[PDB]
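See below for the structure under consideration.
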Amino acid sequence: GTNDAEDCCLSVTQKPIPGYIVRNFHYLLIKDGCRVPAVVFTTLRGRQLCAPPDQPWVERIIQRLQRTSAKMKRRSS
């Protein structure tokens, strides 16, 4: 969102947003360090939203973004 004092998301809704309108995602887990594991979907507008990392619908769209972002192997961010 605007001024994020934390690295993780808030909470995900039933079925947040279409996974095809997401530009890039950030995969937030408790492994990283947070109480709420969620993948944030950075939409076309540049807004990130919390989506369920367990649900199958998410794991497909993640792959799509992984393979498209993989085109850029140099990652500074």
Pairs returned, first residue in the stretch 12-32 that is over 15 Å from residue 77 (Cβ atoms), second residue that is hydroxyl-bearing (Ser, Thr, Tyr), beta-carbon separation under 9 angstrom, 6 or more apart or interchain, are 17/43; 18/43; 21/43; 22/42; 22/43
Can you work out which of the residues in the stretch 24-40 that are touching a helix residue (DSSP H, G or I) at 6+ places or on another chain (Cβ under 8 Å) and farther than 12 Å from residue 54 by Cβ is surrounded by the most Cβ atoms within 10 Å (Cβ to Cβ)? 25
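Report whether or not residue 75 is exposed (fewer than 13 other Cβ atoms within 10 Å of the Cβ), among the charged types (D, E, K, R) and not in a loop (DSSP other than H, G, I, E, B).
Details: exposed (fewer than 13 other Cβ atoms within 10 Å of the Cβ): yes; among the charged types (D, E, K, R): yes; not in a loop (DSSP other than H, G, I, E, B): no.
Against the criterion (exposed (fewer than 13 other Cβ atoms within 10 Å of the Cβ), among the charged types (D, E, K, R) and not in a loop (DSSP other than H, G, I, E, B)), residue 75 does not qualify.
Return the residue satisfying two criteria in turn: it lies in the stretch 33-48 and is small (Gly, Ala, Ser) and touching a residue at least 24 places away in the same chain (Cβ under 8 Å), and of such residues it is nearest to residue 11 (Cα to Cα).
Pass one, the stretch 33-48, residues small (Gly, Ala, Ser): 33, 38, 46.
Applying the additional criterion that residues be touching a residue at least 24 places away in the same chain (Cβ under 8 Å) yields 33, 38.
On the way: 33: 15, 38: 7 Å.
Across the stretch 33-48, the extreme among qualifying residues is 38.
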Only residues that are closer than 11 Å to residue 25 by Cα, aliphatic (A, V, I, L, M) and in a loop (DSSP other than H, G, I, E, B): list them for the stretch 45-72, please. none
Residues in the stretch 1-27 that are over 12 Å from the mean Cα position of the chain (by Cα) and outside any loop (DSSP other than H, G, I, E, B): how many? 0
Across the stretch 28-38, what is the total count of residues that are of a type in the set (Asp, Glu) and assigned to a strand (DSSP E or B)? 0
Name the pairs whose Cβ atoms lie under 7 Å apart, with the first residue in the stretch 49-77 and among the polar types (S, T, N, Q), the second in a strand (DSSP E or B) and surrounded by 10 or more Cβ atoms within 10 Å (Cβ to Cβ), and 6 or more positions between them or separate chains? 69/24
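Laboratory data are not the source of any read-out in this text; all were calculated from the coordinates shown. Positions of Cβ are backbone-derived with ideal geometry, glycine not excepted, and every protein chain shown enters the neighbour counts.
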